[PDB]
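4 protein chains.
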Amino acid sequence: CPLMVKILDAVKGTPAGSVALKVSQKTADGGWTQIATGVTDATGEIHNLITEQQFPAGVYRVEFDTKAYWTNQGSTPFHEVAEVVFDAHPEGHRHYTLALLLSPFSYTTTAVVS
Amino acid sequence: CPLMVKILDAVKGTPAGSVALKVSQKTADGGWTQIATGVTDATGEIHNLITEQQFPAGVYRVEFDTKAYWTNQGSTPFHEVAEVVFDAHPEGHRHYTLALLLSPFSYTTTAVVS
Amino acid sequence: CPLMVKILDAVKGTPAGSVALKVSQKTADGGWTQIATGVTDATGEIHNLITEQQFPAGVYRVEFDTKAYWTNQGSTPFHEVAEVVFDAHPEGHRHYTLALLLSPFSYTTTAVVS
Amino acid sequence: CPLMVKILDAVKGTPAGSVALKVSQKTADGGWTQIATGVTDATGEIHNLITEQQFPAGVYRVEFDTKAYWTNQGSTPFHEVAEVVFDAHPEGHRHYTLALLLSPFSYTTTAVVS
Ligand SMILES: O=C(O)C(F)(F)C(F)(F)C(F)(F)C(F)(F)C(F)(F)C(F)(F)C(F)(F)F
Ligand SMILES: O=C(O)C(F)(F)C(F)(F)C(F)(F)C(F)(F)C(F)(F)C(F)(F)C(F)(F)F
Numbered sequence: 008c009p010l011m012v013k014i015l016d017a018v019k020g021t022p023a024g025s026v027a028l029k030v031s032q033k034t035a036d037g038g039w040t041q042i043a044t045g046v047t048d049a050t051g052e053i054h055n056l057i058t059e060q061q062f063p064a065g066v067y068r069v070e071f072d073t074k075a076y077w078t079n080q081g082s083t084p085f086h087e088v089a090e091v092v093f094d095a096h097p098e099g100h101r102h103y104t105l106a107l108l109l110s111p112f113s114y115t116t117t118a119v120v121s
Numbered sequence: 008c009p010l011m012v013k014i015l016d017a018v019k020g021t022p023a024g025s026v027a028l029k030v031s032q033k034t035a036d037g038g039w040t041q042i043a044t045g046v047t048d049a050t051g052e053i054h055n056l057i058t059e060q061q062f063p064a065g066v067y068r069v070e071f072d073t074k075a076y077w078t079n080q081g082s083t084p085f086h087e088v089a090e091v092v093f094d095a096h097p098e099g100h101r102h103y104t105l106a107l108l109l110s111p112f113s114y115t116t117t118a119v120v121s
Numbered sequence: 008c009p010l011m012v013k014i015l016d017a018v019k020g021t022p023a024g025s026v027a028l029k030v031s032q033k034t035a036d037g038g039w040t041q042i043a044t045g046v047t048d049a050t051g052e053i054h055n056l057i058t059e060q061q062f063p064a065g066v067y068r069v070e071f072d073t074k075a076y077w078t079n080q081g082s083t084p085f086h087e088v089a090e091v092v093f094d095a096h097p098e099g100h101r102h103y104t105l106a107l108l109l110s111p112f113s114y115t116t117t118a119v120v121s
Numbered sequence: 008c009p010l011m012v013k014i015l016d017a018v019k020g021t022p023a024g025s026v027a028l029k030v031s032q033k034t035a036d037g038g039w040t041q042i043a044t045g046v047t048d049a050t051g052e053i054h055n056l057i058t059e060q061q062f063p064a065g066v067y068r069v070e071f072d073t074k075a076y077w078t079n080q081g082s083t084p085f086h087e088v089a090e091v092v093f094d095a096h097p098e099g100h101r102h103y104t105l106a107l108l109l110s111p112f113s114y115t116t117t118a119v120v121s
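Residue numbers (the numbering used here), protein chains in the order written: chain U, 8 to 121; chain F, 8 to 121; chain W, 8 to 121; chain B, 8 to 121.
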């Protein structure tokens, strides 16, 4: 799997379970094609989110539904979503991990690329 | 002015000057209308980005062109853009400051709401 | 004043008021001399923390009592304290601002150096 | 192993290899007892850093030598070290992971506690 996510909760000190997200690929005319969706497990991950055939070179957007996560926790969130947009160059089985650290009014995101 | 930004550079310890951004409001059908553009000054700020008349409650997006910023700093960036998407509740002259801390492969964003 | 702080609360989207801190300079033998204390105001700042006369070049530590802050907010914290330790090069009226973004199990710290 | 670390590099988008650190336990009179040291591998980790017998309930400090890491990379760092101080309650094989995201003038740290 060339695309992994890891989400943590900065209020409780746990991975962020049950976060919904969607992966889209940018189209020529500027639109977006949905290619996968999922919900993180209790470790804040989605295993085998997409396949290598689904992940050609191009621009991708991963949209994380952080608002619902905080609503469930009882907190009042600021953001509607966390968005991560990047150009993928997957040749050579290059792998992408998107890490995300959530607070109700803040998030930190980083990427680890092999 | 109800919407401010403050952008900092985590590599060199200075505000991020000359960062372009676009502000959009979400429409009822789920699309986006651009309502303003600007470029940060050398303090990492944009004064008078929008007016209170342009800022009813709703969903807003600020798109920061961080890729062009890192290219101009001379460091290869990961993100194609940094998008901050948030719910506005201006009732009562509430002001919003979007703070953004930039590194080539990471950013932290938070908000200060008066 | 050559040393400023700005503390924000990532849970509620406001400055962190009433955060106690202690400033120390490192001695030649590797110990620490306390040179100032303060408490943040409701803007998350401490004015006139030290003077230029108290700020030669060297190694400084700012110890932020974040555990007492989170206890008073009513959220269980992870860290016993947040310590920021840095090299000062004041030659030329260089000013230092320590920015600190707090969550119960995380913090982000950066600096803006004039 | 009850204590793990994970260090990432926000400039290059890789784990932070070859970072030296030391683990100390707080003493009654306020001092510190060194209990382990190590250097991260290429995945930004130190496997089996300490044993459960070495990790009684108490306050611990993990000091990461970030200055040397940035000097090696050619960057000019702000901080001397990154310090993480916390009270450990290891009963029930409770585990602690200290995560750390480094930039030359900034770091984010968080903890995951099982
Ligand atoms: O699970 C892991 O080992 C991990 F992916 F490396 C990570 F620990 F989650 C992490 F990416 F390092 C991290 F914790 F998320 C972080 F340090 F990057 C962070 F916390 F700062 C951020 F905010 F990015 F999530
Ligand atoms: O300039 C200011 O007064 C400010 F907006 F408060 C700020 F200092 F930039 C800040 F927001 F606090 C901050 F520095 F950006 C931060 F601390 F929040 C940060 F650095 F951690 C983050 F990464 F969020 F920008």
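Each residue gets a CB set at the ideal place from its N, CA and C atoms; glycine is no exception.
Check: Closer than 8 Å to chain F by CB, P84 of chain W; Outcome: no
Check: For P9 of chain B and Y103 of chain B, believed in contact at Cβ under 8 Å, the rounded distance; Outcome: 6 Å
Check: Residues in the segment 9-36 of chain W having any Cβ partner in chain F nearer than 8 Å; Outcome: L15, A17, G20, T21 and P22
Check: Neighbourhood of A43 of chain F by C-beta distance below 8 Å, restricted to the same chain and skipping five residues each side; Outcome: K29, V30, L56, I57 and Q61
Check: CA nearest to the CA of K13 of chain B, picked from B:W39, B:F93, B:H54 and B:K74; Outcome: B:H54
Check: Contacts around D94 of chain U, its chain only, beta-carbon distance under 6 Å, and the 5 residues preceding and following it disregarded; Outcome: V66
Check: CB contact below 8 Å: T115 of chain F versus chain B; Outcome: yes
Check: C-beta contact flag for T117 of chain U and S113 of chain F at 8 Å; Outcome: yes
Check: Nearest-angstrom Cα separation, counted from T40 of chain U out to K33 of chain U; Outcome: 6 Å
Check: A49 of chain F: CB within 7 Å of a non-hydrogen atom of ligand 2; Outcome: no
Check: Test: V88 of chain U CB closer than 8 Å to a CB of chain F; Outcome: yes
Check: 8 Å Cβ cutoff met for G24 of chain W and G51 of chain W; Outcome: yes
Check: Contact set between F112 of chain B and chain W, taken where Cβ atoms lie within less than 7 Å; Outcome: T117 and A118
Check: 8 Å Cβ cutoff, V66 of chain U in contact with chain F; Outcome: yes
Check: Any non-hydrogen atom of ligand 1 within 7 Å of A95 of chain W CB; Outcome: no
Check: 8 Å Cβ cut-off: residues of chain B touching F93 of chain W; Outcome: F85, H86 and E87
Check: Inter-residue CB distance, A17 of chain W and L109 of chain W (contact presumed, cutoff 8 Å); Outcome: 6 Å
Check: Closest by C-alpha distance to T78 of chain U, when choosing among U:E70, U:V88 and U:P97; Outcome: U:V88
Check: Check whether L15 of chain W and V119 of chain F have beta carbons under 8 Å apart; Outcome: yes
Check: Any C-beta of chain U under 8 Å from that of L108 of chain B; Outcome: yes
Check: Where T47 of chain F falls: helix, strand or coil (DSSP); Outcome: coil
Check: Extent of the continuous beta strand (DSSP E) to which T117 of chain F belongs; Outcome: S113 to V120
Check: Cross-strand partners of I14 of chain F (DSSP beta bridge); Outcome: F:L107
Check: Element boundaries [beta strand (DSSP E), containing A27 of chain F]; Outcome: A27 to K33
Check: Under 8 Å between C-beta atoms of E90 of chain B and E59 of chain B; Outcome: no
Check: Between the CA atoms of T73 of chain F and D36 of chain U - distance to the nearest angstrom; Outcome: 22 Å
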